[PDB]
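Quick setup: the structure tokens below cover two forms of a single protein chain, split into structure 1 and structure 2.
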Structure 1
């Protein structure tokens, strides 16, 4: 097991857990706290030679079992025979519904925030359980048996959770297809899993717009010879084509069925679901006990969930984030979870914050792209909200840039929430690296430290060897299986082994580069700068960038730091001009430096300043500051990469050279 830091010393780059995460002002005392060493003390129990005791206790405390397990773990990466709690039997729907309904039937399971705010409402655990049971009985009437695949093409209405959990209740293997997918993408996933049954809607609604799901379904199913039954949810009631025999209305089928259904006794390692990635699509297969446990534990510790919290994950159930942090994680824990059907700016950019104040959301889990869009829309939509019910603000998707991080921290959090950067993928099942909000001091853009059960290291790809120490960079690997790791790729285990297990034998290969900084913090896809120290002057990329943007001809700018034998660190700037601008190029690099000095002072000049045609960006619009930083460090050849306009990196490489 790779040792973590003994301690993390204080510094002006660390954001210590704020009062709401200290059990102050009436907030729940955090599960893990109050400092780095408290996280390490508990985490050390979850990896290494004595961790079976911790995992056996956590599994028996977190989940209800029909049969106890005897063995904690077995198997490994080499052959893809990972086993957790193998002799145990349980049911995911029993753990997400039944046991809570028996304790408090009227507790809210789902906050359904409809596309039109006026149509939003609460769904009790009882109501959710009854709809799940009805749908499960409908599936059984179709002949769906334990182990059969069932495709789900559903938009973000609360019944999506019933659809998922009905498959789980009877031991079917649900395969959720994102409701924005085209007919060809839907077709390819429905064929590959060989399901005979599809659950979908007549239409979806999102951002005041209609998604024509049934129209798309009909197109795909023309090339899907095995699908015999389609269960159609009446989300909008508008006229849509229905195929006699094949297609049946959700409401009419469920009305024939009783509102209870027994739970199938599933082995820990029976498959729970297939989820296709977005070569050809691969069905990542997750089993039951270990996946369910990982999501329940991660939701509890990474977001410091307590029994009455109201968790708002603004993702989609078609992706692993929705599987894990809308449905399975929070319902396993018996709390309230949000199914959010709209966009961040429908009807207005105030939508997230009205939501948070209406339901008193205690945690929010969103994507940097939504944060960037709300920043673009301005402070008026957010600054006069209350938002104090929030304790933790989480980030998921691409690694976040400091500018979105600070906007999140300042405006959504009002500098009173812990910001939880999370790193994981469909194949890890649950969050792999993230701060525990009550214990870890944060750095903008950094995932910090591995979660319980995660033993990660950094490998030099040019040598294959583990890199020891802090301030190292390479590719991220995991030394041992964890309970929620994916067990195979559906009917293509060879692809599972070659992709994840072959490149670094003995390790799980995430596919991402990472850096471990001098404090031991993890930096997925590279370190990103926030405050840079040029000759004892603490300047932020934000300060420098907004000084540059004052030049009336400047369109976009991104600033990075790098070591410097004169000023300790130095500031390198990349600037793009607006097209209304014609002015020799060197007389511009001299004109912007003077402009930065006029605003910030003589020692705030960037050491170098590169005029480029555009900034390197991903398809989401995110500026690739981490790449710009590596290029300045001299690692343009050690970059990697699948994004927007690869000529720009070569352009940027040519200008810095």
Structure 2
């Protein structure tokens, strides 16, 4: 008699609620959680962070968490309507000072970064001392190129530890870094370099990932042929293979830094000075450069890292994402270093050299938290439990999932094998535009449901709106689109040189609120469930189906590895469901009739969800197009089903781009 249902799971609901396990109870010598031990302890604190009396908590947290050069007077001002959001406006600080210097002063030899190289043997620890020195050298290099406060600097770097040095060097001097995924095409890089109008670019000669070479300098040379503003390129010698270097314009990182001293003063930045531009990916049109301020962004990432992952001073936090993704900005670099702990820079893939890489990593470094995307989790689940069963992994207390809904089936695999049923699983919902985690369980306090984001984070006041009426749906057991009622410190302040695009996209669809673009439901118990992108909804004869529920139903079938469902025009039902399925490699599609597997999947969807949810067609494919932003390229599959595959655009964001040519063949 519940209008909203959990994402489909094999475990009955009665047996599917997971209270904080002993490692998250302060037992067995593990640290005490910062918030606990139950749901009410979370509400008691959160209620201090929203509403008309929350200034006090926020003022105290900002003064406790960050080192300031000048105190602020006003806590907050502004709003969504014109996009004039302000937090701590009169304060001054520097992000590099808070992520490096202050920690270097207390414990210089403490490990700031665990650099997990593409080849495991080349891995090493980078202390705060070394990281600060390299950051200062690069900052000195940038100042000699004439970079001033407020100038954009493009960064095209792979996942080597110096990427952190380059982010922080820009922040140290007040420049605005703009990081682009290594491996993006020359065209994509060009569009971002030209939009941010930078005069300096930082890159490598080459990157190494999964044993394959990323030809970064060659791609940069092709892009710069159409980037007339770029005058200096700083090239890090990562592999040492011969690459072209333009005399005058191109200089070697090691040769330039050797000329510079190893300390550099910090630019004193206003709270609202821009910290960075981060261009989103996966759209056809103009790239969208999301801008973040300094003090609110930093405080938000520091508080989320502390509270969502229950970080403590000696923790070794392992976020395995790429720094070209907001997840890397916030939970590799800014969040963890702000808190003064050890953070991971993972250069490889989850299956190089074998699908045991993640767990070999955890046991070698004694990682205490692990944070990756559902795409990685489904991949590891796909390769079998042999690569996980005989690892220790007991250093871990918290496992995190970010970037897409995590199917209960994958949630359980994570819970059973990575955590051995002794970690808390935090499903973190947020966006590039929100700066930091928006909805997630606090692991010492919240009992989890597989596939639920649970409850909003401090400072976040979220609601559900009927998109048909535009009115808020009060109470529980409601479904609609997710909106936030009030600004929060780490919200993006604008889209670079395109504020109108910022207002029209996020602020005007539901005037007075911030519009995430996701469908959501709040269940009988008040847990939030992120259903998927509003754009991915399929309307079958008046029934609106979300992607997370159908993909979750499909993966409950034995042998299914990963799925993706997209809609297309249908005369009978308005829109029809088309499902793309990949199976485990041990599956014998010769012994099983493919017509029979498609029929068994259609029944499984009809049982779990409804009579209307069955797919009209099902395509069996070896893999799906995925990005390093934790997402499946559904728009691409939708266009291919629509016959518009001839003009799909740039697939540079997809991990293995050759897969789209296979999907085209099988759909035709």
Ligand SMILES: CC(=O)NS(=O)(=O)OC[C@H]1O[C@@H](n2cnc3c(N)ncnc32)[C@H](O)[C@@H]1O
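Numbering follows the first chain given and starts at 1. Here, rigid core means the biggest group of C-alpha atoms that superpose within 1.5 Å across both forms.
S.K.: Of structures 1 and 2, select the one representing the form deposited without ligand 7RM.
M.R.: Of the two forms shown, it is structure 1 that corresponds to the form deposited without ligand 7RM, while structure 2 does not.
S.K.: Given a cut-off of 2 Å on Cα movement between structures 1 and 2, rigid core as reference, pick the single residue from 237, 536, 307, 225 that exceeds or meets it.
M.R.: Comparing the C-alpha positions, the one residue that moves 2 Å or more is 536.
S.K.: Aligning on the rigid core, do we see the C-alpha of residue 90 shift 2 angstroms or more between structures 1 and 2?
M.R.: Residue 90: C-alpha displaced by less than 2 Å between structures 1 and 2.
S.K.: Does superposing the core leave residue 197 with a CA shift of 2 Å or more between structures 1 and 2?
M.R.: Where the cores coincide, residue 197 shows only a C-alpha shift between structures 1 and 2 that is less than 2 Å.
S.K.: Answer yes if the CA of residue 634 moves 2 Å or more between structures 1 and 2 after aligning the rigid core, and no otherwise.
M.R.: True for residue 634: a C-alpha shift of 2 Å or more.
S.K.: After superposing on the rigid core, how much does the Cα of residue 458 shift between structures 1 and 2, in Å?
M.R.: For residue 458, the C-alpha ends up 0.2 Å from its position in the other form.
S.K.: In Å, how large is the C-alpha displacement of residue 14 between structures 1 and 2 after the rigid core is aligned?
M.R.: So the C-alpha of this residue moves 1.2 Å.
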